[PDB]
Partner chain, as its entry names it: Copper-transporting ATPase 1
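Presented below, as structure tokens, is a lone chain in the form deposited without the partner chain.
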């Protein structure tokens, strides 16, 4: 499917807010958000690639994990 975990840095909550403000702008995405483990579980018709170059605009320590 197009289920896409990214590990990120949100060592302060505002990074999750920022990430949301990023990804939301994409539109079709939805994304669950873990703060303590600093992760975004994105599930999106828009591919991991499309996600990457969007999520990248946060410029956190974003690292993409496997595709489900």
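Residue numbers count along the first chain shown, from 1.
One more form of this protein exists, namely the form deposited with the partner chain bound; it is left out here, but the text below deals with it.
Taking the partner from elsewhere, residue 58 is found to have a heavy atom lying within 4.5 Å of the partner chain in the deposited complex. Among residues of the shown chain, residue 51 is not one whose heavy atoms approach the partner chain to within 4.5 Å in the deposited complex. With a 4.5 Å cutoff on heavy atoms, residue 11 counts as touching the partner chain in the deposited complex. Put simply, residue 46 is far from the partner chain in the deposited complex: not one heavy atom of it is within 4.5 Å. Contacts of stretch 16 to 38 with the partner chain in the deposited complex, defined by any heavy atom lying within 4.5 Å, are made by 17, 18, 21, 22, 25, listed in sequence order.
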